[PDB]
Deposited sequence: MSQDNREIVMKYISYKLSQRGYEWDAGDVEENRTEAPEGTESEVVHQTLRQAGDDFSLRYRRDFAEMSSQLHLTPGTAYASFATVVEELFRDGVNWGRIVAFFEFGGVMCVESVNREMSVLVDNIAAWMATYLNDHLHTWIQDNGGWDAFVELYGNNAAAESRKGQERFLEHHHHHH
């Protein structure tokens, strides 16, 4: 899976997108693109989450854990995983904006731990990051179709 490198590479890019300096290339690039797609499609949620976080060093973990628990409460799908990356992105960007840059390493650790300890089994059972890339390439009708075909498979 190489979940930790995916995290670091992702955060390093969202922080470049904002101006600061901090597994196949296709996985990295596809995750970036999917993330930008999610943030455009769910632009109200993105902006509102940004506004409603109140990051301090003392509340960062509670904030992270609350949101991630809510995100995966009813189960996992690839879009929720993308929302998780985007959420982590937001936390990192606002950490730096607010001159709390120490949190960035913390958030990256929390994200890698969550992927390894709570998303790893799902990812493996759902075809790995290869199936993520495959789905991204498919149009919505194709994606719904391979979902029902994968269910009927195993």
item	value
Regions of the deposited sequence not represented in the model	1 to 2, 25 to 40, 173 to 177
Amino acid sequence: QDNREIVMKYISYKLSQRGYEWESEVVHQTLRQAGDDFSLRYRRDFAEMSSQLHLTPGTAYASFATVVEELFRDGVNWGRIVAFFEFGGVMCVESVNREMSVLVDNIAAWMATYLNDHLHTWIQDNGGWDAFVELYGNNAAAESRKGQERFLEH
From here on, numbers count along this sequence of modelled residues.
item	value
Selected stretch [higher average CA B-factor]: 134 to 142 or 8 to 16	8 to 16
Between 24 to 32 and 89 to 97 (mean CA B-factor, as deposited), the higher	24 to 32
Per the PDB entry, maximal CA B factor within 106, 66, 124, 51	124
For residue 70, the third of its chain into which the C-alpha B factor falls	middle
Chain third (lowest, middle, highest) by recorded CA B-factor, residue given as residue 116	highest
